[PDB]
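Two forms of the same protein chain are encoded below as structure tokens; each is given separately, as structure 1 and structure 2.
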Structure 1
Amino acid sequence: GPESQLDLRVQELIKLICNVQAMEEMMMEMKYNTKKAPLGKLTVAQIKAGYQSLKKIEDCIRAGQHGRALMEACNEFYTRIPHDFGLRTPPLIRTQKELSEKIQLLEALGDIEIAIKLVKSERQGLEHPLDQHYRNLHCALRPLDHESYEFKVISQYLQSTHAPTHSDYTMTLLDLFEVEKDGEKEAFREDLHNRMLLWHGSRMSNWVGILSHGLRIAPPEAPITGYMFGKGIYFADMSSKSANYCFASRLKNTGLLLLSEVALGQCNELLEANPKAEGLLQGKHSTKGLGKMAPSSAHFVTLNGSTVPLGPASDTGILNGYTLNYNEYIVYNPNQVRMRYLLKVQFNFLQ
């Protein structure tokens, strides 16, 4: 029986992100019907059909259709993406937050299809499965020293930018990995100014796909009204805002946080949401949803050519009527993103 040749730290990481049984438990909590559509029978085409159904719902909403048209549009979606609501009728989809909820379900399902394809790509016996899964990611994950300057700034970044409204939990940095996805260095825009180290969170089910395919842009079939600032890659400067998207629980209190170098260039700053913000760029390179509270430049430091927006965060007075509490950074080409650090985090829930 071939033993693992990977670092014990990387071994634990792959086990976490390749746990298909944990993936089935997560999708059921999202009301997805795994009995009716098993995860091992997921296909790219089925997920794309779900996106197009949501786009059809957005067409009903734009046309003011809240009757049979909307019900039949939602029925088609729930038939392609089956849910488990008991004996109840499936809820209708209408609002942006309800659209986004389904978009996030589809994004998890898409990355889950990548994960099953990967674990099924194991040639059993050849070597330990963990080493096989790791190589098939085609993404380097190098564990770093806890007395390294990297670990010091990133631990500071994690604690200093924890938002006061997200007071239901704290976060303990368990481990830190340097990330090198094949090709990101060669496509990155080292020319663009305002290179910043920004957070991004996601459910545990999505990290095989993220580390295998990079942060991606929403597909053309998706309705644009589900993305507050358009079909781009979203980042935060407040760790807890991204860490909320890990969707950790008291029993599943381990999550992953990604730090990436983002070439924002000149930002197009918006006071409120607009799903069509990409057309408002006008030679600018990124959209910045202005938040009321943000880190101040008086605490910033540099870590390997990028600016770390360390806390403590102060208020900006932004009060345009739901304004953003905290910032949001959106780039619309993946060549502005380079994944760099992966954080294994313990969530400390405060009851």
Structure 2
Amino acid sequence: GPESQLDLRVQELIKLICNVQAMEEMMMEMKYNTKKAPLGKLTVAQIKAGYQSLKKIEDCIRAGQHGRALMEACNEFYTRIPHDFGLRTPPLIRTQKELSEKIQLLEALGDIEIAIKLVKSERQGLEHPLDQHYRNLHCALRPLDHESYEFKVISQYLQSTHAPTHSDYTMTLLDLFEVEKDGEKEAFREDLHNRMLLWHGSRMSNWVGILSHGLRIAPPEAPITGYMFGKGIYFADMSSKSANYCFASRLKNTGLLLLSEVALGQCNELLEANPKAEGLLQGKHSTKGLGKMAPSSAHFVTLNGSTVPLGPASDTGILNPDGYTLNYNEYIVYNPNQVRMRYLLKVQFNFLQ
């Protein structure tokens, strides 16, 4: 029809996150039967039925049941959520990392179902499909100049916080956008102290659901498997730590990074893992996992009432005597009204191949 009234950089962003064909590739790479259960026919009830199937699996794992009880619970999940292993027999889910891989499948399906409900809208004719999907996002995306001051700071925050033990790749900032989701500033806890700009990475199929619904907490019917500090919204002060959760590949080496204003408040500092630190706050507002390396406060600056923890990072003198020590920090909030998305980064992953 008529011309797209959006900036070309926004057009490329809408092009990249609304690629349903790309979500099919990622789902096929996770052994999801896109033929028997098409993504266009995915409903919330189907994902909810799979969540209840994973809960029965989590009960068998925590009860040591590795016999028929687990075989039928896995077959129930593999039936409600169809898979495709060729002519192979589907494997048994019995470990935390195996269970975590299946929950990440369901979390991805929920974000694809949101994106698919967005692309299959109507009002075709007057508005370009690019503007149609951007308007249905209900979230502003404004490109920033490469010579602007914000671009220099986010670039320094990008590279100076790249972890040393993540030498598998380097990251190049391609584009930078300003994020203003509708209804997010009206619920943000502006009263809370310890306002910091923290990283967050996610898979490519989750950005339409993230930009449109914000960062959400797991539903109650989902198992607690995989949450080191309970169900919440996890952030990090190291850019590469969050960029690993983008799961960029050598064939698909372009992902997105989200910078949000997190109202941490009084931090509950933890060392050992605890999937119930939410009930351990008692007046506190956030749980902070202490790592071995973190940026020092000497290089900290402020960007619109929020502290940017720039690098380079140094040793924190933190060690877990009776357990495992995190390499870097983890910030967890237990309510979406403590998070306000601000920046979106178009990041190119230069893998060490």
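Here, residue number means position along structure 1's sequence, counting from 1. If you superpose the two forms and keep the largest set of C-alpha atoms that fall within 1.5 Å, you have the rigid core.
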Having superposed the rigid core, state how many Å the Cα of residue 149 shifts between the two structures.
1.5
For residue 85, the CA shift between the two structures after fitting the core, in Å, is 2.0
Quick one: how many Å does the C-alpha of residue 202 shift between the two structures once the rigid core is superposed?
0.7
